[PDB]
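If you want the building blocks of each chain, they are given just below.
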Amino acid sequence: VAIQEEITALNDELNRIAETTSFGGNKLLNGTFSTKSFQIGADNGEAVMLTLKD
Amino acid sequence: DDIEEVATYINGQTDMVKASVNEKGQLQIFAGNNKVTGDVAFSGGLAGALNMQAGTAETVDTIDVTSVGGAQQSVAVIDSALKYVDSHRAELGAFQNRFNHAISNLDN
C-alpha cells in the first residue's frame, strides 16, 4: 500500500508535467500540440513539420 | 515525401506556380496574375489524391495572416505584388532616361 501511494503521487506528477508544460501559452505535452510546420526559409512552402505527442 | 516536402519540391521545380501547405495539411498553389493568365488545370496521380479545388482571387488587399495557411499564401501574393510594383518602376525608369536623351538632342 505505502509504495502504491508513492507511485500514485508520482503518477499524478507525470500527468501534471504533461498537462502543465507550456511554451509561453501554447501547451506542448498535453496532446493538443499535434503537429505544426515551422517556415525556416525565405520563400513560402519551405516549412518543416514538427510533431509533439501526448 | 510528406505534404510539406511536396510543397517545397513544387516550389523548386517550377517558378510559374508557388505551393504552400495550410494548417489542416491541404496544399495551396498560388499563381500570380503577372505570370499565369487563366485557371491552372492540375492533373496527375498526386492531383487525384490532393483533389485541388477552384482558384479564388487573392489581392494584397485580401491578405489574412490570422491562419498559417493564409500567411503562407500571403507571402506568395506579396511577391507577385512586388514584381508588379518593380516592373512598373522599370517602365517609368526608361521613360525618365528616354526623356533625358530626348532633352539632350532637343538642346543640341
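Residues numbered from 1 in each chain as written, not as in the entry; some residues may be left out. Chains lettered and ligands numbered in written order. Part of a larger assembly, values for the part shown. Heavy atoms only, no water.

For this coordinate set, the PDB header names cryo-EM as the determination method and states a resolution of 2.45 Å.

Caption draft 1: Highlighting the packing of aromatic side chains. A complete count under the given rule lists 1 aromatic pair over all chains for this structure. A centroid spacing of 4.1 Å and a plane angle of 35 degrees characterise the contact between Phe95 of chain B and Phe99 of chain B, whose relative ring orientation is tilted. With a gap of 4 residues between them, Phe95 of chain B and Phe99 of chain B both fall in helix α3 (residues 68-107), about one helical turn apart. Judged by its relative accessible area of 45%, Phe99 of chain B falls in the partly exposed class. Across from the ring centre of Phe33 of chain A, 3.6 Å away, lies the NZ or CZ of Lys36 of chain A, which sits over that ring. (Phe/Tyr/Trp six-rings, centres within 6.5 Å; stacked < 30°, edge-to-face > 60°. Helix = DSSP H or I, 4+ residues; strand = E, 2+ residues; numbered from the N terminus. Buried < 20%, exposed > 50% of the residue type's maximum accessible area, 1.4 Å probe, protein only. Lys NZ or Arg CZ within 6 Å of the ring centre and 35° of its normal.)

Caption draft 2: Spatial organisation of the layout of surface pockets. All names here are of chain B. Estimates place the volume of the largest pocket at around 1,000 Å³. Around the largest pocket sit 36 residues that line it, and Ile29, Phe30, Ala54, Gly55 and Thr56 are the ones nearest its centre. Of the residues in the lining of the largest pocket, the class split is 15 nonpolar, 17 polar and 4 charged. For the second largest pocket, the calculated volume is near 280 Å³. Lining the second largest pocket are 14 residues, with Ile10, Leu27, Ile29, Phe42 and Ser43 positioned closest to its centre. When residues of the lining of the second largest pocket are traced back to their parent elements, those giving at least two are α1 (3-13) and α2 (45-50). (1 Å grid on protein atoms, 1.4 Å probe; cavity = no way out; pocket = protein on both sides within 12 Å on 5 of 7 lines; lining within 4 Å. Points joined across faces, edges and corners; volume = space filled by probe spheres on them. Nonpolar A, V, L, I, M, F, W, Y, C, P; charged D, E, K, R; others polar.)

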